[PDB]
Amino acid sequence: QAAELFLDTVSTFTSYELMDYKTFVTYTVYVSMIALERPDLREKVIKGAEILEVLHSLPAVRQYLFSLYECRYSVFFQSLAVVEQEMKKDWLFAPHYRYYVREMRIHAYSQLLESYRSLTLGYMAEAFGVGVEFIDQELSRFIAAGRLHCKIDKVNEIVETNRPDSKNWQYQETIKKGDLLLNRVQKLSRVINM
Amino acid sequence: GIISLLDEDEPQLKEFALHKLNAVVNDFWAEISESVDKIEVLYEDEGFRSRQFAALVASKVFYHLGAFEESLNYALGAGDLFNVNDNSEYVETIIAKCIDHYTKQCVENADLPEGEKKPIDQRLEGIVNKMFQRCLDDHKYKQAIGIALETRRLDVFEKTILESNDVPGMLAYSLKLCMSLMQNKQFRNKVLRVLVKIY
Amino acid sequence: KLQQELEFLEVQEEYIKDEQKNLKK
Amino acid sequence: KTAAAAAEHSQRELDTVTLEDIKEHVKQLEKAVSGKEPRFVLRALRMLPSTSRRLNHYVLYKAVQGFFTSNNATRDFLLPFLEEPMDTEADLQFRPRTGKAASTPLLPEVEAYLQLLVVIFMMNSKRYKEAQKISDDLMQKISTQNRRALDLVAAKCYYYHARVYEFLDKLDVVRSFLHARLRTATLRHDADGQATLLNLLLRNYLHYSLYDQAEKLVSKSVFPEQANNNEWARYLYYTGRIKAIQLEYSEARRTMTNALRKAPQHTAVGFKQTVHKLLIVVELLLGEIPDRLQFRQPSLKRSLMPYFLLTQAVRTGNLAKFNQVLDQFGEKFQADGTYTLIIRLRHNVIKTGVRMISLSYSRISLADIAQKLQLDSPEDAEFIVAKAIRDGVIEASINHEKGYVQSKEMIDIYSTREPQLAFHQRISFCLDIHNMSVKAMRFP
Amino acid sequence: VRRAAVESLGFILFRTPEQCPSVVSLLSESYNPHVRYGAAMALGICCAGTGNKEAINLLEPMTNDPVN
Amino acid sequence: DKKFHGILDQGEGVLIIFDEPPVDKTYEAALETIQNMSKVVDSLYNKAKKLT
Amino acid sequence: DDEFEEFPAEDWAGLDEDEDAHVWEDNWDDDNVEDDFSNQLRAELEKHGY
Amino acid sequence: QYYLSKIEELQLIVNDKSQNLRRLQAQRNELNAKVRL
Amino acid sequence: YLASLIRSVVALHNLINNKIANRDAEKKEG
Amino acid sequence: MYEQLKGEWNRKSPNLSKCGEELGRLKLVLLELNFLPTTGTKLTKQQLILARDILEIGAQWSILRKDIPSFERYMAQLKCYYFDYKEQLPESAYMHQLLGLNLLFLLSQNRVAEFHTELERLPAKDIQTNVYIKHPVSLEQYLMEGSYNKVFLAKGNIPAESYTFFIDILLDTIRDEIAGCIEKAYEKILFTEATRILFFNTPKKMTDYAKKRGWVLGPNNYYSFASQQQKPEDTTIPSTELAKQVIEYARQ
């Protein structure tokens, strides 16, 4: 809901309200990064001429935004940490442990491991920073969180993903919504006959 | 569980455990409901001198289970202990079921009376005869004829008018029942033949 | 009295329920 | 004196308002007797507790002396039992029955309500002996009179009777009364009366922890489906609690979430607190992660904060941290009766952690799982995964070489059909909704 | 068969004149005018000299039915 | 960018190319019908008429 | 209308603060305790040498 | 007069059922009358 | 999900509408 | 009446002739008046004391003689006689230990509902003190959490009343449980795998394993048999339930 009503680059003043137009963009970049990973966002925000101009104004802001777009994790994680540090210095710090960097890398890891089947932990570590153990514990923590649809073959140190087909994943969504609505109609069955 | 006291091979121990079952029948239900297997063993153990009253508390067990018809059958097999007490709500329930059973059996055995009748149980006929007899001797003939008609006995109306004819308008009362209410001639013949023989 | 009156009553009401239920098809 | 007089006059006016509410109740039964309608009777019973929180000994005696224009046993019982205050300046025109109304005998339905309305009033006054005598007179009168509409009254009457006897600690003695009225309810097909008595009986077994007798009776006693919503919720929760004690886990979670949904959302604060505690303890034992949105309950913040720490301990797998908080704030858990389970969760934390990590990993090392969940022993790790597979909770297998575990497979014949097989009861709900409409489309 | 089977029912059911209007709540309003005609005639037959007060009320709308 | 249909199996050093069947859009369309025919009606109607 | 006080109604006696006073929706993983990620990445960079 | 009351209840159960079955048959017949019109 | 449930929901909607109408009629008849 | 309360049962009662004396005890003393009311009558209170004393003696005799029908009958009599809790009488001593042995063997019968309802009837008897009664609780806890061999070492000592046979009967339930656990989805079972690590180093148990259940021994290895199949599905019970749905909304 934030982004859908906030990419509108029609400011009531040239530099006011949110302390600047540059600060207005930084909010746009942060909100968009939480929003989506890489659909035709090249035609949504990247195509934005005013967007490209302000990233020219802010090279560091341009650095991680292009890093996520280019899916180059070696620079992404360092820049992503800088983003989290910058958000620390901002009063809009509400996702203190949920959606600074963990959600964005959940999108990034999902983007990475999809179109892959068995990518080795050691090589994905150096392609996504350093500290093979650090990525291994990060993957285990995020799989336990629920996202990163994959499993870890610890005895061989492999990441065997489990991507459902378009039929399989969608059928899973229907049975989940079937569970919720059965809970709904059972509640409504409680409403009747009383 | 007290079921072990009945499970022992001592007849006196069995008897001791099964005295107070008819007294704790009101309070304890779950423990007696689950003990159907034990009371079946006692019922099968017919060499023990308390077979009849074991069948009585067997009916008490089926009172807990809710199978009033099965409890009726178990107290039926006991025989003389079916009618230990004539004034209770469970007694009223079982006799009402037994009257319904007697009514159904009488109708079918009168619709096909040329032999091969379903065996009229001596134990069932004995209690039935006792129950409507006292319902006729309670000296409330505004309802004695009504329960008599519900019992569906061929000679019960003749018995009712041969005994103390309290409220002698009962003759006209039963006249309009057979004139209007009872009209299915196949089983109406019993009421009709008594009606013609008296009037 | 009311014993058999309700007996037959149950029969008749029951019959018209099913008979009127036969026309929904 | 002006302020005191105004306050006394105002409270007397509200007392007269409550009397008019009781007078309205009397007119409701007069209409109910005329129309033979127990539904509008239920409305009278529903609206009574709303005004029951503010009554006065004097206004009750006003209603007693007014309604009992003709001398009756109810007035003779309330004359010594009801202790009205001293002389009051406020009096009303007490002449509701005149001529034929006074000549006609008192209605059994209003007689049961006055008896029930006294026993609620005595308990509001925190009296015990007089409350039990009125209630005994209530059941005696209801037993003697055998009208059909009285047994529907008798359901809630026996309900609140045993609730009083629970305070009296006669909750053990009242069992004979509960069973005796159960047999009468069975004879008269009083499903609502039956529903109340089992609910009272289950709470009796709860207060004595007589769970073995409770499960033996619930497993053989059929509970009416069309019973009252409140009685259904109490029975279902009590059934859910005992199954939780009986380790009937999947049935327990189904019953407790149904009981929470069947309870009114605006009311039943004490019932709500119990079901939150029940769902937290049971689902954490299952490893079913507790619902996070339930933590926004405005009435359960302090109780669920250690429960939140318990959830974190269950997910993490640590031992010392939650053992300390149980030593700190475990007394309330003992009061709720889940402390034996609480220790069971404390030692089944590893089992829950194994399931989550097994769902996380494809082929996890037995040494790795031991290090993760603080086992420090390859053999104990092998035993745990052995004990998990035999329970069937997870699909993790054992290969004594290194601890291999199979992965999932593509969708088979029944994997697309098990939802529709377990969900095609939609039409079964549709048919009972239609059948209820069949029952509930009276034209007049 | 429809018009007949809805008119020759009061011969059996005149023992229950109160049930003459109850068994025709669909016959007297049926889409077949002959069924309505039979239903009308059935209540007339089963109530010869009875002030039913209910058959008359249900037959009042049929006194002005568009079908002749 | 969904321009290709495959999965990169680095463990085997290969990429498994699969022909994705796109006729399964009934699945997603059905879910949308589930979402916009149930959520917008059951919560709103039966919370307004809480008492019945 | 009754509040069903018969069931044990232990109201929460704190009455001090609402931890999630806003409309924030928490998750089981959102409430874990760590030094976030920036410090952890710095430690990761240090043990690798840069 | 106890089997009296049990049969009345079973009479009451059926009569409650037969209310809507008559009403369902009548309203659908009205629908058939409407479509014929 | 979309024929049996939908039939159940629409039947449920009819009943609760009828129950509301019947309850209001009973309470406001007199 | 009140004859030889524990005259010969206290020191040693190994003979079978004492069964007749016990039977005479049941006929005369146990059947004096009743055991139900226990309102007053301290004589009946002592009658309950001797009733509990002969029940525990029978429990010790039965567990030593290995007679399941007699032992179970004594267990049920013990439960029904103890159903009357009188707090003024001196509790403990005979209560905690015997209830532990009875519950522990009841879990060997695979009954947990009675185990937990007795635990709830004992709020502090099981957790605060009385290692006599929490020993079965600890054994079940370990046997449920993570231990097979650690349970065996834990079973090595019984603090309740000695009588180290409930540990063997639980060992007979865990050999069945282990056999079922290894008859599960396991991939393979070596001969040394089933003989060394778990328990039963080449006893007659080994012959029992090799003959009773499946998984025929290959080369020093038992292997899983045909239990998972592709199952080309005739799909007939889906048709029956479909017909069940059809008839369900083909009517009403």
# chains A, B, ... in the order shown; residues from 1 in each chain; ligands from 1

$ residues_around --residues "residue E:62" --least-positions-apart "4" --cutoff "12 Å" --atoms "only C-alpha atoms" --output "number ranges by chain"
E: 27-30, 33, 35-41, 43, 55-58, 66-68

$ closest_atom_pairs --of "chain C" --to "chain B" --cutoff "8 Å" --atoms "only C-alpha atoms" --output "tab-separated table"
residue	atom	partner	partner_atom	distance
C:1	CA	B:146	CA	6.4
C:3	CA	B:150	CA	7.3
C:4	CA	B:150	CA	7.5
C:5	CA	B:181	CA	7.3

$ closest_atom_pairs --of "chain J" --to "chain B" --cutoff "10 Å" --atoms "only C-alpha atoms" --output "tab-separated table"
residue	atom	partner	partner_atom	distance
J:23	CA	B:10	CA	8.5
J:26	CA	B:13	CA	7.9
J:27	CA	B:12	CA	7.4
J:30	CA	B:13	CA	9.4
J:31	CA	B:16	CA	7.5
J:33	CA	B:16	CA	9.5
J:34	CA	B:16	CA	8.4
J:36	CA	B:20	CA	9.2
J:69	CA	B:7	CA	9.3
J:70	CA	B:8	CA	8.5
J:72	CA	B:4	CA	8.0
J:73	CA	B:4	CA	4.8
J:74	CA	B:4	CA	7.3
J:75	CA	B:1	CA	8.1
J:76	CA	B:1	CA	4.4
J:77	CA	B:1	CA	5.8
J:78	CA	B:1	CA	7.7
J:79	CA	B:1	CA	5.6
J:80	CA	B:1	CA	4.5
J:81	CA	B:2	CA	8.1
J:82	CA	B:1	CA	9.5
J:83	CA	B:1	CA	8.6

$ select_by_dssp --residues "chain I" --states "helix (DSSP H, G or I)" --output "PyMOL selection string"
chain I and resi 4-28

$ select_by_dssp --residues "stretch 190-227 of chain J" --states "strand (DSSP E)" --output "ChimeraX atom specification"
/J:190,221-223

$ closest_atom_pairs --of "chain I" --to "chain D" --cutoff "7 Å" --atoms "only C-alpha atoms" --output "CSV"
residue,atom,partner,partner_atom,distance
I:4,CA,D:426,CA,5.3
I:5,CA,D:426,CA,5.1
I:7,CA,D:430,CA,6.6
I:8,CA,D:430,CA,4.1
I:11,CA,D:430,CA,6.1
I:12,CA,D:433,CA,6.0
I:15,CA,D:437,CA,5.6

$ interface_residues --of "chain D" --to "chain G" --cutoff "7 Å" --atoms "only C-alpha atoms" --output "PDB file with N, CA and C atoms, in the first residue's frame"
ATOM      1  N   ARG D  46     -32.342 -14.475  28.883  1.00  0.00           N
ATOM      2  CA  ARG D  46     -31.156 -13.782  28.385  1.00  0.00           C
ATOM      3  C   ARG D  46     -31.016 -12.396  29.003  1.00  0.00           C
ATOM      4  N   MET D  47     -32.125 -11.669  29.143  1.00  0.00           N
ATOM      5  CA  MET D  47     -32.080 -10.293  29.621  1.00  0.00           C
ATOM      6  C   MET D  47     -31.980 -10.182  31.138  1.00  0.00           C
ATOM      7  N   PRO D  49     -29.667 -11.578  33.381  1.00  0.00           N
ATOM      8  CA  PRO D  49     -28.329 -11.260  33.909  1.00  0.00           C
ATOM      9  C   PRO D  49     -27.863  -9.848  33.603  1.00  0.00           C
ATOM     10  N   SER D  50     -28.404  -9.206  32.565  1.00  0.00           N
ATOM     11  CA  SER D  50     -27.996  -7.840  32.251  1.00  0.00           C
ATOM     12  C   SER D  50     -28.357  -6.885  33.381  1.00  0.00           C
ATOM     13  N   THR D 267     -17.777 -11.131  25.447  1.00  0.00           N
ATOM     14  CA  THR D 267     -17.888 -11.590  26.826  1.00  0.00           C
ATOM     15  C   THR D 267     -17.000 -12.817  27.033  1.00  0.00           C
ATOM     16  N   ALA D 268     -17.173 -13.464  28.188  1.00  0.00           N
ATOM     17  CA  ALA D 268     -16.410 -14.651  28.572  1.00  0.00           C
ATOM     18  C   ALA D 268     -14.914 -14.341  28.646  1.00  0.00           C
ATOM     19  N   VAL D 269     -14.584 -13.339  29.462  1.00  0.00           N
ATOM     20  CA  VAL D 269     -13.186 -12.957  29.635  1.00  0.00           C
ATOM     21  C   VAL D 269     -12.410 -14.071  30.333  1.00  0.00           C
ATOM     22  N   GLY D 270     -12.987 -14.652  31.388  1.00  0.00           N
ATOM     23  CA  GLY D 270     -12.320 -15.747  32.072  1.00  0.00           C
ATOM     24  C   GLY D 270     -12.207 -16.984  31.204  1.00  0.00           C
ATOM     25  N   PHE D 271     -13.260 -17.284  30.440  1.00  0.00           N
ATOM     26  CA  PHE D 271     -13.191 -18.386  29.488  1.00  0.00           C
ATOM     27  C   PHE D 271     -12.140 -18.113  28.421  1.00  0.00           C
ATOM     28  N   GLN D 273      -9.389 -16.243  28.690  1.00  0.00           N
ATOM     29  CA  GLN D 273      -8.046 -16.400  29.241  1.00  0.00           C
ATOM     30  C   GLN D 273      -7.647 -17.868  29.305  1.00  0.00           C
ATOM     31  N   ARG D 292       0.433 -15.767  16.362  1.00  0.00           N
ATOM     32  CA  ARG D 292       0.991 -14.494  16.809  1.00  0.00           C
ATOM     33  C   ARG D 292      -0.088 -13.439  17.019  1.00  0.00           C
ATOM     34  N   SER D 299      -6.664  -8.352  27.108  1.00  0.00           N
ATOM     35  CA  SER D 299      -6.895  -8.863  28.451  1.00  0.00           C
ATOM     36  C   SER D 299      -5.899  -9.943  28.863  1.00  0.00           C
ATOM     37  N   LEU D 300      -4.892 -10.228  28.034  1.00  0.00           N
ATOM     38  CA  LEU D 300      -3.979 -11.338  28.282  1.00  0.00           C
ATOM     39  C   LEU D 300      -2.519 -10.940  28.086  1.00  0.00           C
ATOM     40  N   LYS D 301      -2.175  -9.674  28.329  1.00  0.00           N
ATOM     41  CA  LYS D 301      -0.813  -9.227  28.053  1.00  0.00           C
ATOM     42  C   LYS D 301       0.187  -9.802  29.052  1.00  0.00           C
ATOM     43  N   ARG D 302      -0.118  -9.729  30.350  1.00  0.00           N
ATOM     44  CA  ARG D 302       0.853 -10.190  31.339  1.00  0.00           C
ATOM     45  C   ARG D 302       0.949 -11.709  31.360  1.00  0.00           C
ATOM     46  N   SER D 303      -0.175 -12.404  31.168  1.00  0.00           N
ATOM     47  CA  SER D 303      -0.157 -13.864  31.185  1.00  0.00           C
ATOM     48  C   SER D 303       0.626 -14.436  30.009  1.00  0.00           C
TER      49      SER D 303
END
